[PDB]
Structure formats: structure tokens, C-alpha cells
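Shown next, in C-alpha cells, is the structure this report addresses.
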Amino acid sequence: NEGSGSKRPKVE
Amino acid sequence: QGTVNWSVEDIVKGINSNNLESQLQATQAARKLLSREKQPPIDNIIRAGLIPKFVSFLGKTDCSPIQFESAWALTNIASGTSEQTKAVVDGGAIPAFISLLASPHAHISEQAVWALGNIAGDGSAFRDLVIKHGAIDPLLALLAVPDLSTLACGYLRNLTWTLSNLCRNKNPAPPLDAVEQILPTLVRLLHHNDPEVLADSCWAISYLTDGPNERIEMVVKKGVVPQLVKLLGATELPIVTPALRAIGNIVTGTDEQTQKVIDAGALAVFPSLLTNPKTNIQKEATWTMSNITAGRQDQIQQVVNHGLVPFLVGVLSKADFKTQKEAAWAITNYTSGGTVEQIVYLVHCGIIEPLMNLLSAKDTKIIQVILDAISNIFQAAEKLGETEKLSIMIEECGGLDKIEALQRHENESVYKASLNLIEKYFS
């Protein structure tokens, strides 16, 4: 388990 | 589809037609560009002047699919470097996203929640700016249902993640009133049964418990501690890790705040955290133990009754180095605030040999800590005249050698304290 993304892209 | 692998100039060309459907085709093409695995041409899209255009498609209520594709494209641009997120913010995207929170289409409002996440996640400036434009009410309104289970769960995972970014980052921390406003909803998501919602809730609560004590107080007074402790129990490491981090923050506060966590049952989970096969959990559990050992005698006493001293001896004896460092601290703290009985007990559990072993690390700071660990213990052996018995064991297991050699070390505190000890107990 690990950090939460700061930012994410909705991916293909 | 006819919107796969277009060129930027094509996208520009369609976006500048004055034909709402061609605009839509080209926006969908941009979105698919921006969703591809290897290296989407964010900068070109930015340089082409696309952002103001996308942003103003957000406002076309009459044309929901273009709302959505522009949302998504802007999302993915905002997912880049700060510089790329500034471009999106600079196009006016924030109020326009806040308006889409009201969309009657769940897939669009979800994309706006998500975009605002990426913006707030850049940093406290953008976070505080999302807050100033009004985002929190309409976000919270999305979760105002009698039972969270009825919401799609992708949807709920998004809002939770976004909310938790409004809690995140630190110079400065998020505004008190925003925190008060969000908290009841955190408390509720923290009881929901989706693992991802739970991980993200705990992360929020950890972000809020990393500061001064009034901040911790705000969280403690909501009564989430019991629930944190239960999550600390969780089988999924992605939940345990943030739960453990929030427990850890909380015991950096006052004794009374630390006690809520003791009261809550926390110490029963430690045998297992301090022997966890994830190195990081073991480190943080040890760190947490060290702030519990810096509390009251009767708190040290609970660490004793729970049988945790052997687990510190354990961790001092074999764990990775940074975890041993934190263990050292747990020991030094225990030895400062402990009664004599307690410090005796720590010695009977076998603390001396692995403490000495560490004396030969290249880390200059661990050595200082170990040094008055010993010192404090010698201290307590004086109050029962036992310095002989003590000096012997230190002698017996290589203690004295490493110690004496310490004097020949470059430090203000190191050589002082080592020479001191030797002159005081080993002459």
C-alpha cells in the first residue's frame, strides 16, 4: 500500500 | 473510429471550424491523444492555444458530449507538471468545473470532480484557490445521500480522492473552516466498506493530523480514533499504511490525545506491526512507539503491559537501519521518562546487547541517542547502587570497547558523553 497520487490522468 | 491518432493541426483545424459537431469530433480526437500510454503531447496542445477553447466547451449545456470530452482532455492536461496545471487554471477552468459539479449527467460531474482533484493536488496555492471559488459545498452535496452504497463506486472513489486532496499539503495547511466543513463527511466515508474509499479517507485524516495540536484536536474530537485503530487492523496494506500514519501523527500531540489511542486499543496491534514484513510499516510503527514512549509513566506502563518491550528489543536487534534508528529513539525516550522499575525491566528484556551493537554505525546521530540511552540507564542503576552489575554487562558483550573508542571521535556531544561515561563508570 502506498501514497495517494497527487494527480491522475483518465487513461485509454 | 475516425478520431484515432489525429495530428495537432487537425485538432486545431476542427476546433476552429465554426461547426459545433466538427468541434466535437476534434475535441474527442484531442482527448484520445491525451489518453494514450506513452508521452501525450501536452505541450503542443497547450502551445496551439487549445485550453481557452476547451474551457469554454465546459459551458455548453446544450451539448453535453462536448462538455464531457473537454472535461476529460482538460483533466489529463491538468494531470501533468505544475506548469501544465497552471495553464489549465489560467484558462478559467476552475469556476467552469465547479459549475459542472451540478450537471444532471453523472459521467460529466464525475469528470469535473476528477479535474478539480488534479488541480487541488498541485499544491496548497491551487488547493486554496479551488476552495475560494466555492468547490466544497457542491462536492459535499454530491455525497448527501442516506446510504453511500447507492452511488457507483468509481464515482464515490473519485469524490473521496478529490476531497482528500483538499485536505492535503502543508504550507500552509488548508483553512480551518474548510476542514470543519469537510470533516463530518470524512468521518462517514471512513466507515464505508470499499477498500479504496477507506484508504483515501485515512489518507485525508492523516494529512489533517500532520500539524500542531489544535489540528489534531479537531480530528480527535470527532471520535474517529476507535475507527482508525480498527483500520489499523485491516488486512490490506493500502489501508494499514495510511491508518498507521494517522495514528502516528496523533500521538505526536498531547498526552491526553495520545491516551485516546491507547484507550482505543492500539497497542494490541503492535506485535504485529512491529514485525510486519513491509519495511515501511515497521519503521512507522516504531516511530509511533517512540512518541508513545515519550509520554507519561503510566503510558510507558501500558507499553510494558502489552508486552511491547520485547518487540522493541527485537527491532533494535534486527530490522533495517532506519527502523533501528527510530527504535533507538523509543529507547532513549523510554529511559528519560521511565521510573526505575521500568528501566530495570527494559534491561532484563535484553536491551543492552543490541544497543551496544548499534554503537558501531556510521550514523553520527544514532550514536548520540544510544549514548544517553546508556547514560539514563546508568543513572537509574546509581539509584539502586548497581553500576557495577551494569558496567560488567556492558563490558561483557563488547560495550566497553566501542565506547572507549568513541572518545577518539570528532564531535562535540559524542566524545564528551563517551569520555564522560568512561571516566564516570569505567575508570
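All residue numbers given for chain A refer to Swiss-Prot; the residues shown span 547-558 in order.
Note that Cβ sites are derived from N, Cα and C of the backbone, with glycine treated the same way.
Features reported for this protein in Swiss-Prot:
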type: MOD_RES; residues: A:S550; note: phosphoserine
type: MOD_RES; residues: A:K553; note: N6-acetyllysine
type: MOD_RES; residues: A:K556; note: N6-acetyllysine
type: CROSSLNK; residues: A:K556; note: SUMO2 cross-link
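Put simply, A:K556 (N6-acetyllysine) is 15 Å from A:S550 (phosphoserine) when counted between their Cα atoms.
Cβ-based neighbour count (10 Å, all protein chains) for A:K553 (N6-acetyllysine) stands at 20. The secondary structure of A:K553 (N6-acetyllysine), as reduced to three states from DSSP, is coil rather than helix or strand. Within the same chain, no residue at least 6 positions away in sequence has its Cβ under 8 Å from that of A:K556 (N6-acetyllysine).
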